[PDB]
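A.B. asks:
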Amino acid sequence: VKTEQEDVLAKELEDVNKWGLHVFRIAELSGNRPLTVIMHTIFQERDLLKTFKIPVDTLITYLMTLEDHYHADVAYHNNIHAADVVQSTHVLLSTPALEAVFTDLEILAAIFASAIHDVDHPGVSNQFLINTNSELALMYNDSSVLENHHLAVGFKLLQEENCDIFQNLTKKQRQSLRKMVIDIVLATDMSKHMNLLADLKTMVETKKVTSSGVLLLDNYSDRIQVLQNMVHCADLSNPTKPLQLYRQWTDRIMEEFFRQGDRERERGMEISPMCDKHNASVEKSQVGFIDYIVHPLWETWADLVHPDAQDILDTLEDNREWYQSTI
Ligand SMILES: CCNC(=O)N1CCc2c(sc(NC(=O)Cc3cccs3)c2C(=O)OC2CCCC2)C1
Ligand SMILES: [Zn+2]
Ligand SMILES: [Zn+2]
């Protein structure tokens, strides 16, 4: 029998299958363990432990280890953000239009990639790491610096004591899982955005459907690019969440950006675009960002899974008009 706090946490976790879970409340209730508890809930919810023979304590140990490698003093790019994207991907996976499409392995990869996609994020951008001549930048030859590091770290952690949650997968399963996870995480790099969206639009144009309205994806290219856009959507899903959640996310990312702005000035690096704490229209940046990136993307997704994303798209448009007022 759980403590009262655990019971309250548990009643919150009953919303796991719903857009708008109050992830910040879960983070509070769980003693800053939103990623661990949300992942554990999803894995049990999707029967992943049985299917892949994952020992539960190995799962817990890894999860806790993973979460510990997110930075608590990073305003946005932290374990709470990881948890959010995990659960969001989780919801997108359950969309009616994609029912019975993806194998258990592919689901496992989409969720695991979500969990690790930002681990050990230092709270500054690729360009900042490149311009400071940082070790990380030189390791990854300035290309997808953070994203390569997230992957390397997330896999490496499997080697810590009692952390290998994939210890029972066959070599075939592990090689396939790993490639999918790598393709998914590298695609979270925003510099890949336009091309990702190009492929997504192209697939909407050529969209096919079989037996009860469910999408058809008959080659790795198509299947992986869908999962890639799905996680990228989860990663840019803040403006589609209830305004209460969206506003908290905006505060956090702007706090992070201004911190980077401060660090840039403390050294006379050119103050990044809209990273200047003194001259910034948060409201205006959010609208432009929605019009130019978030809405085109979500609208395209909505077409792929029509009409499943209708409410998410409505919410995004509502939050867009709201921020517009604010100006
Ligand atoms: C142009 C391609 N990408 C980029 O420019 N950059 C800089 C601007 C930006 C990103 S990623 C992101 N937002 C998120 O990933 C999730 C959220 C969306 C909405 C609230 S949290 C923003 C962003 O929300 O930044 C603000 C809007 C403009 C400046 C501040 C990369
Ligand atoms: Zn990222
Ligand atoms: Zn992210």
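At position 14 of the sequence shown the residue is numbered 14 (this note's numbering), and the sequence of numbers has no breaks. Heads up, the beta-carbon is just placed ideally off N, CA and C, and yes, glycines get one too.
1. Where the beta carbon is closer than 5 Å to any heavy atom of ligand 2, which residues qualify, in chain order?
2. Run through DSSP, which three-state label would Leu215 get?
3. Output the residue ranges of the alpha helix (DSSP H) runs that lie fully inside the segment 249-312 and measure 4 residues or longer, sorted by chain position.
4. What does DSSP give as the partner residue(s) for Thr210 in the beta ladder?
5. Within the continuous alpha helix (DSSP H) that includes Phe102, where are the two ends?
6. Given the structure, does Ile253 come close to ligand 1, in the sense that its CB is under 6 Å from one of the ligand's heavy atoms?
7. Can you tell me whether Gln44 is helix, strand or coil according to DSSP?
8. Nearest to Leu29 by CA position, among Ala10, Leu304, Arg46 and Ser272, is which residue?
9. What does a CB cutoff of less than 6 Å around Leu146 pick up in its chain, not counting 5 residues either side in sequence?
10. Are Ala234 and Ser144 close, meaning C-beta to C-beta below 7 Å?
11. Taking only beta-carbon positions, decide if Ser94 is within less than 7 Å of chain B.
12. Once DSSP output is grouped into helix, strand and coil, what is the label at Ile54?
13. Taking C-beta to C-beta, are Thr95 and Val294 nearer than 7 Å?
14. Among residues of its own chain, excluding the 5 on either side of residue 328, which ones have a beta-carbon nearer than 6 Å to its beta-carbon?
15. Helix, strand or coil: which one does DSSP assign to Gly20?
16. Distance check for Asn133 and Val85, CA to CA, integer angstroms please.
17. Where do the N-terminal and C-terminal ends of the alpha helix (DSSP H) with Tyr220 fall, by residue?
18. Looking at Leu151 and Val185, is the spacing between their C-beta atoms short of 7 Å?
C.D. replies: Judging by the given coordinates:
1. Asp118 and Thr188
2. Here residue 215 corresponds to residue number 215 of the sequence shown, with the count starting at 1. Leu215 falls in the strand class under three-state DSSP.
3. 282-289 and 295-304
4. On the sequence shown, position 210 is the one that residue 210 refers to. DSSP output for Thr210 lists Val214 as bridge partner(s).
5. Translated into the one-based positions of the sequence shown, residue 102 becomes position 102. Segment: none, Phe102 is in no alpha helix (DSSP H) and carries neither H nor E.
6. The residue given as residue 253 occupies position 253 in the sequence shown. At least one heavy atom of ligand 1 is nearer than 6 Å to the Cβ of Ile253, so yes.
7. If you number the sequence shown from 1, residue 44 lands on position 44. It is helical.
8. As a first step, residue 29 must be located in the sequence shown, where it is residue number 29. Here the closest residue by C-alpha is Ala10.
9. The residue given as residue 146 occupies position 146 in the sequence shown. Cβ neighbours of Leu146 beyond the five flanking positions: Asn126.
10. Start at 1 with the first residue of the sequence shown, and residue 234 comes out as number 234. Start at 1 with the first residue of the sequence shown, and residue 144 comes out as number 144. Not closer than 7 Å, so no.
11. No chain B is part of this structure, which consists of one protein chain only.
12. Reading the sequence shown from its first residue, position 54 is the one you call residue 54. Looking at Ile54 - three-state DSSP - the assignment turns out to be coil, as it is neither helix nor strand.
13. Along the sequence shown, one-based indexing puts residue 95 at 95. Along the sequence shown, one-based indexing puts residue 294 at 294. No, they are not a contact pair.
14. The requested residue 328 does not occur in the structure, where the chain is confined to residues 1 to 327.
15. Locating residue 20 in the sequence shown gives position 20, counting from the first residue. Three-state DSSP puts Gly20 in coil, outside helix and strand.
16. As a working note, residue 85 is residue 85 in the sequence shown. As a working note, residue 133 is residue 133 in the sequence shown. The alpha-carbon atoms of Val85 and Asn133 are separated by roughly 30 Å.
17. As a position in the sequence shown, residue 220 is number 220, starting the count at 1. From DSSP, the alpha helix (DSSP H) with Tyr220 extends over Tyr220 to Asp235.
18. Counting from 1 along the sequence shown, the entry for residue 185 is found at position 185. Counting from 1 along the sequence shown, the entry for residue 151 is found at position 151. Yes, the pair counts as a contact, with Cβ atoms nearer than the cut-off.
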